[PDB]
Amino acid sequence: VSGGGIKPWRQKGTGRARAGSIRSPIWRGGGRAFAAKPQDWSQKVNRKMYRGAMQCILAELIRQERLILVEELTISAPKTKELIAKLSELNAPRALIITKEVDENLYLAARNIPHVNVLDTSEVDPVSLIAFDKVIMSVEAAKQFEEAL
Amino acid sequence: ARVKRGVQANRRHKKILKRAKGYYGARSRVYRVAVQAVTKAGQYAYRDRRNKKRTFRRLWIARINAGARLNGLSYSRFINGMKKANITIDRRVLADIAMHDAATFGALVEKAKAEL
Amino acid sequence: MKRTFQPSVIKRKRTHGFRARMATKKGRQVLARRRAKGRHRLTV
RNA sequence: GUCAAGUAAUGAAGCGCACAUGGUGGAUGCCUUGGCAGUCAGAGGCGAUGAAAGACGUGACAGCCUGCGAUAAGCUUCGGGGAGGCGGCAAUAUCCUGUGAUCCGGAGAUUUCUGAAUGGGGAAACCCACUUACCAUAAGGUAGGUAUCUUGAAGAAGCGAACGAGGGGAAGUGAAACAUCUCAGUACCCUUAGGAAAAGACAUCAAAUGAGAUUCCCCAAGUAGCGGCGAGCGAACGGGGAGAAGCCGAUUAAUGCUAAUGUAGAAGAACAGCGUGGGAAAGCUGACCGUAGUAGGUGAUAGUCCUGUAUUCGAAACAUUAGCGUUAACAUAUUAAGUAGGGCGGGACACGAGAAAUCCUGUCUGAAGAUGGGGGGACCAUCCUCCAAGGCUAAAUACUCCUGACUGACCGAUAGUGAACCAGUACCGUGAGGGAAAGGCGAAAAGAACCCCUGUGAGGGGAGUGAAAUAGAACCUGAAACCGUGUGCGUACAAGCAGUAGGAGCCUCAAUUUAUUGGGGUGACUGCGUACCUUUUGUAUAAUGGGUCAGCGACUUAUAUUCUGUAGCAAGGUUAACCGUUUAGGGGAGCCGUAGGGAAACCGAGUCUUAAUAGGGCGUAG
RNA sequence: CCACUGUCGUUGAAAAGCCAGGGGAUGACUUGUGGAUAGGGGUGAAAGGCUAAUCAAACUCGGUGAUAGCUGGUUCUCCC
RNA sequence: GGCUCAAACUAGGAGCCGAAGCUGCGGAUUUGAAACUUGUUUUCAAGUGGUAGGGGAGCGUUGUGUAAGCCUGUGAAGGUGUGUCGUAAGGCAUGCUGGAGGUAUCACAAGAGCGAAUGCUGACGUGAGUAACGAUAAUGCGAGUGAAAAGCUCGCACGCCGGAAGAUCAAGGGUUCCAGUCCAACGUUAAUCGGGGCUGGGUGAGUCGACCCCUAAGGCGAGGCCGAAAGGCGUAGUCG
RNA sequence: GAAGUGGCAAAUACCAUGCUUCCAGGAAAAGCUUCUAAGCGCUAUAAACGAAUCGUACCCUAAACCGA
RNA sequence: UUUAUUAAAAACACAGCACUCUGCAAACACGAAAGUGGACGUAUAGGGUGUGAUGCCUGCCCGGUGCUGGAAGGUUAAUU
RNA sequence: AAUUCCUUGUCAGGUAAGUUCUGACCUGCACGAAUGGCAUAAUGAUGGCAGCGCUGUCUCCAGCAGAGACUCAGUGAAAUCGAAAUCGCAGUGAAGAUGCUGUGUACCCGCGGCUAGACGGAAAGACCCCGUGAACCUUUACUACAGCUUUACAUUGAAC
RNA sequence: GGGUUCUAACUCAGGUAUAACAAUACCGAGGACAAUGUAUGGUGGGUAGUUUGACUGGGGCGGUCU
Ligand SMILES: [Mg+2]
Ligand SMILES: [Mg+2]
């Protein structure tokens, strides 16, 4: 904290509580006792623990019917309404669509739909798998998950 | 995540000051004094829950002694006569009878005096 | 009684003034420090 | 009716408690124009063509702030843009503007005085000049020149973040004292660069099947060592990565092309009805756009109202980055002697003289020179390796005064910058220096015409505005301490932590077929009862601390390590740095466990000691 | 110019004064203006005096959040 | 208090009072044991004063996710009452105020809880309407103006200084000077007055002073000497 | 729309940077007057014209300075 | 003369006295050095120390510790 | 005795009465000759003692004048302060009580005085002790260093 | 293995010239001394950094400490 180098008054004789700095943590405008600094919040999650948790999550999704296998999901034009129709027939308006090799116009069609995200199987995460109402996985992505886990 | 203490400190102090209602001077107004007065009030109340059971037996015994001496007996002979007659009436009820029903207390004294 | 501050303009400008500061390397460090703090009064 | 005796009630100068209603004050909540920490990029300077920092001016208009400089909130031009505008507080007036203003971007012109300040001097913003050319005739005007140093006309100077390299170099502290030692080659002082710097190609290591410059990261490893063998200090070899490069011109500065960038900009989808409401974005109903749906606003919460966003995009001028070409400045060793080595004193090596290699050098000396020399931790021999006494060299690494974009389990006005506000200000100090406080009406000023009291004051009451005025400018909310007014009850014969347990009476709400209960206020009278914290053997203590309130104020963070729980794998477990189109996937280097004994060699379910095969010691789920 | 005595004043009219007295008053005198000496240093007809109301080592900033076997304080609740 | 064949003492006897001890009744809780058996149920037994301190279980607060959710102008947060629920920390509802936000649940992270530190900042008390109003040179009255006059102006009288308490400067200050106007704040009271606010005005030099010419002390100092650097000294000079 | 000149007294101011004495032995430099060196204007008489710039208010034994 | 601001004195200074150093590039002092002061002085001078007008005066002790001179012997550094 | 502990030594003088003073003695705890001895005119806001004058210093205080204090009007502090419905006594008690016991006394509230108590306020006792605290000073404490000095080598040579 | 002499290093805070300071030239005086660097013995409160115990019917003094 700025300043604070001099003893505010002499130690004895003024009738005041002794002070060493005007920037002591006791004073208004003083430093923070245990001032925070930047922290690194990342954890080491074991490789097998991460893999087993993904396994557990996928099994639980099947067990509560929140996983939907499709042969493929290919949007032919970067158009939001096309994907909205294709998801309304699948009965998953709020969905995480996991496909291997996410197509560069299915991404555009999905970008603006609120509770819809499109992911490739390498960038799927546990929180994404848990957060969406439904998951629409292609059979190719299910095979990739078989191999990865 | 900075936490401000204002709202909780306020409601905390209001609980104490509310328990201090009716106290004199700083004891109902300022927290440093009210909080001691509330703690001391609780201490007195705890002690007097015990002491009230002693005070009321004291009162019952006094009233029974008066009632028995009206009938020609002391308390320490009347209670002995009840225990010898196998009368289980408690001092609270005996004092109530002595105060509010003089003829029934006369009958009880007669029973105790026949037992002696 | 006589007090500590007895003002004299020539003496003020000759011990603390701008040219007195600029005559020394240490006075120029005084000036650099005052300018870094952004003081509206560099020198008396 | 008299007298006598006895015994109630009523009192309030004031005070207490509760409630009601205010004042003060400015907490709280909400809010933000300001901060804080970073990421990914860029850039890393400005200045004799006069800088940073200032002084004084400059407007239709008094001050301050902002801009600007006697061409003075500005002048010219080139681009953008298209309807308002003449910077803010902060309006008013005269006006300008489709003959394109204000505004934005590139370039230019002007650019007082001070300050390196440079014609001399000086208490900065001042005083005094010399000289050349021209003009004037008077007592001057215009345009220049005149510092010092270095190099042979060209440069330099000064200022300013951090990071680099270099010359000097503490002490508090720790060692529970303290001197070796530590702190620490730190703080600080001084010098001087560059976008990085330094280092760098083996007179380097290794001892392996050898490798092959420098730098940085993870391990090796808190190991080997050093050390009043104390407190502490603390490698290397090598392994895994990032980055790679070797040369003898890997230089500097211009200019000119070609490309790209940046410095203004342009377009940019789609919503209605009804009800509530001051106001609709919220509710109900039904639509639409979406390569644009969690943006900021708009009178309450908006994909469709505005600015935006997705997407597509523009450059007359100037800058920057590259590639190319060319110029002009500097440089271009030819293999290295006062050198290597040595004596003495110091220093650096993790290593404190040590058995002390190796490096550096104040002093004194002083080779061999390839049939030679240096190193391999005293030293000798052998073997390996490499050629000092010439110079250079990108990247990977360090940083942030700054520019751009973006981010935050960062703050939200006692916080966050000292500074959200005319803050490095006021104020304090001779000075170096220290260093505040201080945000919020409302959606819009619609900021209250007029009337009344008053002194044409202050202040208020009406009227009016507004959804709201105990939103009225000291203006959101509006706590507490503290101070009033009103109502109810108590209180002027009674001794103390002021309560508590009982308890009469009164007052007030409700019931209830009607003075009884229930709730609330008060509390005559009785019992009991010496605050709190700290510190103590022990405190009502006449021991400490606190006038009160509000706000703030003290066991954290990082790493290492051990134990416990929990989860995953399990005789195995796990990767680090890194890479990665990045929480994944890869990366097995390393670490822990799986064996111990012994100083060690060494041996191993054993081993050590011993002559002993005896005895004995230590050993025989992570 | 000084400061010997006393009263007053001591939250002063004043962070050293007033009043009444007192001493030197051509001198080793007093005083103006400018300058010099700087912190383990200065200066001192010497009291450790004075060095800006600060002196047995000034002040400011920095090392620095010195160290403190000492003192104070250490904030919600209940159960064993 | 008072007590004398006691209300004293001695030796005996019988009653009774007396504690948070024991018993009775209701409730909670720790541990252990038995059985529908991770509170699923009932029991039983032994326990439950506590500083330093160890162990166990929770409450609230800020923030992140859950949450483009849910609540909210038919009124969020905050404030202030009341009622109610829990062993507690505390929760829930609601009247009034307020006027734009809040947040269930479960996890997660803390600037996470204050009465004390002669703690820090601000506000406000007590002392107390108390002490004091700053030289004991001194005032009285009549007019005027004014909302208002002890204090202003004018007048008369009185008093004080007069080697000053008058006048001119230097230093220092910087507009305080003069006029008009205003009285909130400032002035230790009031104020119509003012060194206060606001608006205007006012400083005229060949001779007065500065500047200028000159030098003292003492500075700076082409070259020069010295010094790790920074710098120190010093000639000519140049300032002063 | 008047007067305005005689006596006496009398400074620490002036003569006087003088005079007299003493010892502790009492700035400097320029302006100024002359002399020449290198080198190649000066003195009188006037007449006309000039003399810049800055300060100047006010307090100053104080209510304006140093002491909040 | 002095303890600015509780001590003014018997304290400090003082003229005078004595010892001792110093031959001048003095001794001595400031300074890292240059450069200074001493001093544009020169032993009738300059420094240090004590004492403190003046009058009468100033005794004894050289073992200790200093200082001055001496060097026969003992011991003794770097170096070699 | 500015020195003398014993000690107010002894003796003389001064007073009615003299631990001080003056003179003397010498038994100098523990004077003494330039850290000078013994005197000394003059001088001193210097120390002690004694007188005259003079007195409110006092016996023993009285009266008076002015400025405060007091009352009114205006302005308006201070330190302190856990909270106070804040009495005596004898006891008790962390050992000296407004606050506890017993008892006695006491209607409620000011103003002018006053200072016995509130171990009153003020200043984290300077005395004293403690801390393996600090500072500064001393020295034949230790360990260093500046400075001063010795010798060797260098600058540094020749001849006899 | 010591002296003596010399001058040419070195010194001059001597003279003359160079404006002055300084340097330089010459003269003069000294002279392998002095002086300075390195090393080394001595001296060294001139100056620094520090140490200087505890128990203890307070501390010191005394005593004690296994
Ligand atoms: Mg308000
Ligand atoms: Mg002083």
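Keep in mind that the numbers below use all heavy atoms, side chains included, and drop hydrogens, waters and symmetry copies. Chain letters run A, B, ... following the sequence lines, proteins first, then strands; residues in each count from 1.
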Could you check whether B/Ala9 gets within reach of a base, just the sugar-phosphate, or nothing at all, counting any heavy atom under 4.0 Å?
sugar-phosphate
Would you say the side chain of A/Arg47 and the base of D/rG588 hold a donor-acceptor pair, judged only by whether the two atoms sit under 3.5 Å apart?
yes
What does D/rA91 pair with, Watson-Crick or G-U, if both distances are under 3.5 Å?
none
Side chains of A/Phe145 and A/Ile98, heavy atoms from C-beta outward: is any pair under 4.5 Å?
yes
Within 45° of the ring axis of B/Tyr46 and under 6.0 Å from its six-membered ring centre, is that where the NZ or CZ of B/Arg49 lies?
no
Could you tell me whether the side chain of A/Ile136 reaches within less than 4.5 Å of the side chain of A/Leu87, counting heavy atoms only?
yes
B/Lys4 atom NZ is separated from D/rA550 atom P, nearest whole Å, by 15 Å
Determine whether any donor atom in the side chain of B/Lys40 lies under 3.5 Å from an acceptor atom in the base of D/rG499, or the reverse, and answer yes or no.
no
For A/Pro38, which contact category applies under a 4.0 Å heavy-atom criterion: base, sugar-phosphate, or nothing?
sugar-phosphate
Between A/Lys143 and A/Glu146, does any NZ, NE, NH1 or NH2 come within less than 4.0 Å of an OD or OE carboxylate oxygen?
no
Verify the neighbour count for atom OH of A/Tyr107: are there more than 12 heavy atoms of other residues, nucleotides or ligands below 6.0 Å?
no
Around atom CD of A/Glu123, are there more than 12 heavy atoms from other residues, nucleotides or ligands closer than 6.0 Å?
yes
Please determine, by modelled atom types, if B/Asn80 and B/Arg77 share a side-chain donor-acceptor pair under 3.5 angstrom.
no
Intrastrand stacking D/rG478, D/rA479, 5.5 Å centres and 30° planes:
no
Between A/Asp103 and A/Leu73, is any pair of side-chain heavy atoms under 4.5 Å apart?
no
What contact category does A/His115 fall into here, base, sugar-phosphate, or nothing, at under 4.0 angstrom with non-hydrogen atoms?
base
F/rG134 - base-pair partner by Watson-Crick or wobble geometry, distances under 3.5 Å
none
Regarding A/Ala53, tell me which of base, sugar-phosphate or nothing describes its non-hydrogen contacts under 4.0 Å with the strands shown.
nothing
Spacing of B/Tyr46 atom OH relative to D/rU500 atom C1', expressed in whole Å:
15 Å
Using both distances under 3.5 Å as the test, list the Watson-Crick or G-U wobble partner of J/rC10, or none.
J/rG30
Would you classify B/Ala41 as touching base, sugar-phosphate or nothing, given that sugar-phosphate means primed atoms plus P, OP1 and OP2, and contacts are heavy atoms under 4.0 Å?
sugar-phosphate
Please tabulate, one pair per line, each protein N/O and nucleotide N/O from nucleotides 10-17 of chain E that are separated by under 3.5 Å, including the distance.
from   : atom 1 : to     : atom 2 : distance (Å)
E/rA16 : OP1    : C/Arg3 : NH2    : 2.7
E/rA16 : OP2    : C/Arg3 : NH2    : 3.4

Kindly indicate whether D/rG273 forms a Watson-Crick or G-U wobble pair with D/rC284, where both distances must fall under 3.5 Å.
yes
On a plain distance test, is the side chain of B/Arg77 in donor-acceptor contact with the base of F/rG15 below 3.5 Å?
no
Roughly how many Å is it from CD in B/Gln36 to P in F/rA116, rounded to a whole number?
13 Å
If you assign each of A/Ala17 and A/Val127 to its closest nucleotide in RNA chain F, which residue comes earlier from the 5' end?
A/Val127
Considering Watson-Crick and G-U wobble pairs with both distances under 3.5 Å, what does D/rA340 pair with?
none
Give a yes or no on whether a donor-acceptor pair under 3.5 Å exists between the nucleobase atoms of D/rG435, that is its base, and the side chain of C/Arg39.
yes
Just how far, in rounded Å, is P of D/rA432 from CZ of C/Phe18?
14 Å
Who pairs with F/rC212 - Watson-Crick or G-U, where each distance is under 3.5 Å:
none
Check: A/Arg28 side chain, D/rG551 base, donor-acceptor under 3.5 Å
no
Do D/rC237 and D/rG238 pass the stacking test of six-membered ring centres within less than 5.5 angstrom and planes tilted under 30 degrees?
yes
Geometric class of the B/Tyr31/B/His13 ring pair [parallel <30°, tilted 30-60°, perpendicular >60°]
parallel
Taking the purine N1 to pyrimidine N3 distance and the second Watson-Crick contact, or the two G-U wobble contacts, each under 3.5 Å, tell whether E/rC8 pairs with E/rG17.
yes
Run the pair test on D/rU535 and D/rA467: Watson-Crick or G-U wobble, both distances under 3.5 Å, answer yes or no.
no
For C/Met22, answer base if it contacts any base atom (sugar-phosphate contacts may also be present), sugar-phosphate if it contacts only those atoms, and nothing otherwise; contact means non-hydrogen atoms under 4.0 Å.
sugar-phosphate
Contact class for B/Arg49 vs. all strands (heavy atom < 4.0 Å): base, sugar-phosphate, or nothing?
nothing
Distance test, side-chain N/O of B/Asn51 to OP1/OP2 of D/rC528, below 4.0 Å:
no
Rounded to the Å, how far apart are A/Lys12 NZ and I/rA122 P?
15 Å
Would you check if D/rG587 and D/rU112 are a Watson-Crick or G-U wobble pair, both distances kept under 3.5 Å?
no
Would you mind classifying the nucleic acid contact of A/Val124 as base, sugar-phosphate or nothing, using non-hydrogen atoms under 4.0 angstrom?
nothing
Looking only at side chains, do A/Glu140 and A/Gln144 share a donor and an acceptor under 3.5 Å apart?
no
Heavy atoms only, 4.0 Å cut-off, all strands: where does A/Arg18 land among base, sugar-phosphate and nothing?
base
Base D/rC410 to side chain B/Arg2, donor-acceptor N/O within 3.5 Å cut-off:
no
What contact category does B/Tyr24 fall into here, base, sugar-phosphate, or nothing, at under 4.0 angstrom with non-hydrogen atoms?
base
Remember a base hit wins even if backbone is also touched, and classify A/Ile84 as base, sugar-phosphate or nothing at under 4.0 Å, heavy atoms.
base
With both atom distances required to be under 3.5 Å, do D/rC330 and D/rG249 make a Watson-Crick or G-U wobble pair?
yes
Can D/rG164 and D/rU192 be counted as a Watson-Crick or G-U wobble pair, both distances below 3.5 Å?
yes
Using a cut-off of 4.0 Å on non-hydrogen atoms, how would the nucleic acid contact of A/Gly20 be classed: base, sugar-phosphate, or nothing?
nothing
Using Watson-Crick (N1 to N3, and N6-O4 or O6-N4) or G-U wobble (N1-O2, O6-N3) distances under 3.5 Å, do D/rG416 and D/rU186 pair?
no
hbond_proxy B/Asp48 side chain to D/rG502 base (donor-acceptor, 3.5 Å cutoff):
no
Taken to the nearest whole Å, CD1/A/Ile6 to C1'/D/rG433 is 9 Å
In whole Å, I'd like the distance from the NZ atom of C/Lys37 to the P atom of D/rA436.
9 Å
I want to check one thing: is the phosphate of D/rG551, taken as OP1 and OP2, less than 4.0 Å away from some side-chain N or O of B/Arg5?
no
If a pair has to be Watson-Crick or G-U wobble with both distances under 3.5 Å, does that hold for D/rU485 and D/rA117?
no
Would you indicate what A/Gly3 reaches in the nucleic acid, counting non-hydrogen atoms under 4.0 angstrom: base, sugar-phosphate, or nothing?
sugar-phosphate
Starting from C1' on D/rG573, measure out to CZ on A/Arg51 and report it in whole angstrom.
15 Å
Pairing status of D/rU530 with D/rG486 is requested, where a pair means Watson-Crick or G-U wobble geometry with both distances under 3.5 Å.
no
Do A/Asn112 side-chain and D/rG290 base share a donor-acceptor contact under 3.5 Å?
yes
5'-most contact on RNA chain F (nearest-nucleotide basis), A/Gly29 vs A/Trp41, goes to A/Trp41
Give me syn or anti for F/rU97, where syn covers glycosidic angles within 90 degrees of 0.
anti
Would B/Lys40 count as a cation-pi partner of B/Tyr44, with NZ or CZ less than 6.0 Å from the six-membered ring centre and within 45° of the ring normal?
yes
Just to be sure I understand the rule, does C/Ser8 reach a base, reach only the sugar-phosphate, or reach nothing, if contact means heavy atoms closer than 4.0 Å?
sugar-phosphate
Between D/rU148 and D/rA208, is there a Watson-Crick or G-U wobble pair with both distances below 3.5 Å?
no
